[PDB]
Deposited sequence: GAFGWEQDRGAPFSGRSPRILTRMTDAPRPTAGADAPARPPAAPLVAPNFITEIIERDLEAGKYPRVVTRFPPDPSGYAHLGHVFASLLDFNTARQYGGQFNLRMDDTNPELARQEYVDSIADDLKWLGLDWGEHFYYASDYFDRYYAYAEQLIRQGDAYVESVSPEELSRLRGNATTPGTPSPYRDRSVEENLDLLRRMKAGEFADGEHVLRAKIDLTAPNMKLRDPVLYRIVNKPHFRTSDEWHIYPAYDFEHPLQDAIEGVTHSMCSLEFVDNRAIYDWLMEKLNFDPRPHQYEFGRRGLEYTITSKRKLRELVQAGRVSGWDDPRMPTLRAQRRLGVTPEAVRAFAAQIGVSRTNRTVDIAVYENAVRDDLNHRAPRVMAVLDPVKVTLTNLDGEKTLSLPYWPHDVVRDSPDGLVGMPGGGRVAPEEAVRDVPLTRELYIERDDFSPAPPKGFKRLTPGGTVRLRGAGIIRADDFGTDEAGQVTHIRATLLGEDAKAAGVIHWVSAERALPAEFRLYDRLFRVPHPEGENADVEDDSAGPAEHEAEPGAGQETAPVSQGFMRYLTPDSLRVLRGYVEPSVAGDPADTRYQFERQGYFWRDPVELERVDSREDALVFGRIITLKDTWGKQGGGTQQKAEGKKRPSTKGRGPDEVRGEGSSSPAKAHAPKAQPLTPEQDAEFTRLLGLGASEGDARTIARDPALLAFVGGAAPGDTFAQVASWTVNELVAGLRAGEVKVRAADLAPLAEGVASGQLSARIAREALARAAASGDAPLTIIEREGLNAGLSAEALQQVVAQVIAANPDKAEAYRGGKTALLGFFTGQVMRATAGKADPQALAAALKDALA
């Protein structure tokens, strides 16, 4: 069994620590901000944190970093927990709300104050930045840097009580106003924000800045290896300064890995909101959207998402990933799980003039190569469990009236056309050869019907097409999606609507073979020669709709 996490720099850091007995167990965590729905961009990091804990028999924590009162929403907490569970993450009982620890951060802030390691700044916000300096002009203490412990403790208490307006005061770490790393120049730990919190209500008027709460939360949770993106390299000095000034032992350490942005994809919340607002998408769970909710509805399996994330390399360099790796992971996972069935999306009626009396064909759900590569020599049966390949078949009715795909009949065929043509023949999948004897055409020039004859043994044909009984098939709506965006970098490599793919959603009305009527609602299929499909789960719950999960082959 291949390793859950291929050897990477973090993996090596951990084996090195276990080897030296630095920590008894490994503790990791994924700390999203409940400010929006989980999306494809969160998969890599979350799975890296989870699989790392798992690989080394550690603990994985799921944390809602809801420290910003104006962004945290119950709806994102609910969706994120639900989506990550769907993805396969397992945090057991270790689910945390950073807000549940506001008291703990406050007490640490008081300790820092008492040690003379933190002070209440009361200078104007514009002044704070002016006094802070640059990499070419060292900072200068404001007249409040040297306030006494007593005074700072009293002002912090009143800041918490809401006695002062936003921006009037801030609590700052007392570090080094001359350090070359700007982050060490007395970074802000608390800000006044007179806004209620979706959980703590009107309890707090000061909220911890990221650089203060993040390291503390890690420390309070017992995290040993804190993993974040490269953007927080410089922040590590504050992270270390805090762990030290507060004497945490054992203490967590931060390790940064490069970002892995997915191409042709935009995950920025404000931009995705515009698409929803402008109606270019039905909502946040529109299959074309990058949210996990949209992927769940599109029909993608959690197994495929994990196999995609697993293939992504881990390094300290930022890189992009082409969706092809994602798309292929989806297609490859469905190959062994989606029994093959027939559906005609752009139906044209054909009458088999010499056929009297329905014939019942028994066709196999799976291709030989799938059966061959079966781990247990068995294969899937929609609804049932697994069975011997011989058992994986269904009744397919072959009747006088049929429906074939419009593009499989061509009155004016191009050179090398292998399907049905006037006076020509074609093989009907699992049923024999037919010859087009006649057909009608409407004013718009669309073929309205075809009359054909089922031929005998001598007959030959250059092609094979799917089809469905026009009398026993179930009518259905099919939704065909395409990539939301048409270029690798719709946002640029560092107005985005000029890049929306045209006709990213197409609706067609057709028919699917009847065997489908009995199957479980979550059954996934390969509609022969069309793609992988499954019943749109959302439309099922409303007051027969199939969505196309993905095409049979890359089209870009």
| item | value |
| --- | --- |
| Regions left out of the model, expressed as runs of the deposited sequence counted from 1 | 1-41, 536-563, 613-618, 632-851 |
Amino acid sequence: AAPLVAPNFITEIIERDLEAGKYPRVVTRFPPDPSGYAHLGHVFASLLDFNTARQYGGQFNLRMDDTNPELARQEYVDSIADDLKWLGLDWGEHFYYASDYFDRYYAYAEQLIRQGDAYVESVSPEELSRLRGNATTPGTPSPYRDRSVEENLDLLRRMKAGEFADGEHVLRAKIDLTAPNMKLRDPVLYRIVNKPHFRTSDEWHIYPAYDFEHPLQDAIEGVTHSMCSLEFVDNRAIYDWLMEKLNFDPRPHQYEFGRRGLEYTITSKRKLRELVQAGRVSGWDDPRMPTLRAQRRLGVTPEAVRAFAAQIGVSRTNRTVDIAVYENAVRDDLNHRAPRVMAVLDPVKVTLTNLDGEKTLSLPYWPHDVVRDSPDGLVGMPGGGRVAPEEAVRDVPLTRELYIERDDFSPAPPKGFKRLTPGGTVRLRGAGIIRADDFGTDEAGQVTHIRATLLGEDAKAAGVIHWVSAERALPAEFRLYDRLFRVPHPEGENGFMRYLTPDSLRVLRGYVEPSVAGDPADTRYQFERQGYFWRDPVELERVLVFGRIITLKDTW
From here on, numbers count along this sequence of modelled residues.
{"item": "Per the entry, higher mean C-alpha B factor between 315-323 and 99-107", "value": "315-323"}
{"item": "Residue range whose averaged C-alpha B-factor is higher in the record, 434-442 or 339-347", "value": "434-442"}
{"item": "Which of 407, 285, 186, 458 ranks first by CA B-factor in the deposited coordinates", "value": "458"}
{"item": "Member of 331, 386, 293, 451 with the greatest C-alpha B factor (per the PDB record)", "value": "386"}
{"item": "Residue 165 - Cα temperature factor, lowest/middle/highest third of chain", "value": "highest"}
{"item": "Chain-wide C-alpha B factor ranking for residue 552, given as lowest, middle or highest third", "value": "middle"}
{"item": "Residue 359 - Cα temperature factor, lowest/middle/highest third of chain", "value": "highest"}
{"item": "Chain-relative CA temperature factor third for residue 494", "value": "highest"}
{"item": "Entry-reported Cα temperature factor of residue 468, expressed as the chain third it lands in", "value": "lowest"}
